[PDB]
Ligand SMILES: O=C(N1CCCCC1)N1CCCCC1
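As a starting point, one isolated chain is supplied in structure tokens, in the form solved without ligand GOY.
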């Protein structure tokens, strides 16, 4: 078993779906587990897809950069969909070394220990509308290294200050 990689771009180049559509498709097709690591998460469409996955029974684990976590909290509040009262969703924060806030500069989506989207696309309106970005769709052997990185980050994450 090797590794297979396809590239996707925003704007699209030689593929039928946008990166956002592919994100939503990956989440819709999740059967078991979603493991998300994200610097900034304010995209309501992606959030809805994840909430809906969790209501299907999919376990969702989200790790967010601590310094931008308030933007995600703001968005969940706006949607009237507190992540604290969703039984299948765990959210924790990760930070780097301070001096000036050190950050978790990492973005990937890992679905059912089977498929990874890894790249520069952040889950924000600006990446759908404004920014140029790229991602890899990864399957095969290298997916295991993403699982191991997710676990490592998860081990160094904190319960967000808000949550009691």
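Positions refer to the first chain, counted from 1. Only the largest set of C-alpha atoms that superpose within 1.5 Å between the two forms is called the rigid core.
Student: Would you mind working out which of 46-54 and 100-108 sits farther from this form in 8 other deposited structures of this protein by RMS C-alpha distance, with the rigid core as the fit?
Tutor: Stretch with the higher C-alpha RMS distance in 8 other deposited structures of this protein: 100-108.
Student: With the rigid core held as the alignment frame, decide whether 67-75 or 80-88 lies farther from the shown form in 8 other deposited structures of this protein, in terms of RMS C-alpha distance.
Tutor: Between the two stretches, 80-88 moves farther in 8 other deposited structures of this protein.
Student: Comparing 108-116 with 51-59, which stretch shows the greater average C-alpha B-factor in the deposited entry?
Tutor: Per the deposited B-factors, the answer is 51-59.
Student: Averaging C-alpha B-factors over each stretch, which comes out higher, 3-11 or 155-163?
Tutor: So the stretch with the higher mean C-alpha B-factor is 155-163.
Student: Taking the entry's C-alpha B-factors for this chain, is residue 92 in the lowest, middle or highest third?
Tutor: Bottom third by C-alpha B-factor.
Student: Would you mind checking where the Cα B-factor of residue 43 ranks among the modelled residues of its chain, as the lowest, middle or highest third?
Tutor: For residue 43, whose C-alpha B-factor we compare with every modelled residue in the chain, the answer is the middle third.
Student: Consider only the C-alpha atoms of the modelled residues in this chain, order them by B-factor as the entry records it, and name the third containing residue 70: lowest, middle or highest.
Tutor: Highest third.
Student: If you rank every modelled residue in this chain by C-alpha B factor, which third holds residue 127: lowest, middle or highest?
Tutor: It falls in the middle third of the chain.
Quick note: we don't show the form deposited with ligand GOY bound, though the next part is all about it.
Student: Flag residue 124 as yes or no: does it have a non-hydrogen atom within 4.5 angstroms of any non-hydrogen atom of ligand GOY in the deposited bound form?
Tutor: Residue-level check for residue 124: no, no contact with ligand GOY.
Student: I'd like to know if residue 151 sits close to ligand GOY in the deposited bound form, meaning any non-hydrogen atom pair within 4.5 angstroms.
Tutor: So residue 151 counts as contacting ligand GOY.
Student: Evaluate residue 33 for contact with ligand GOY in the deposited bound form, applying a 4.5 angstroms cut-off between non-hydrogen atoms, and reply yes or no.
Tutor: Yes, contact at 4.5 Å.
Student: Is there a heavy atom of residue 138 lying 4.5 Å or less from a heavy atom of ligand GOY in the deposited bound form?
Tutor: Result no; residue 138 lies far from ligand GOY in the deposited bound form.
Student: Within 4.5 Å of ligand GOY in the deposited bound form, do 61, 110 and 113 each have at least one heavy atom?
Tutor: Looking in the deposited bound form, the three residues 61, 110 and 113 all sit within 4.5 Å of ligand GOY (heavy atoms).
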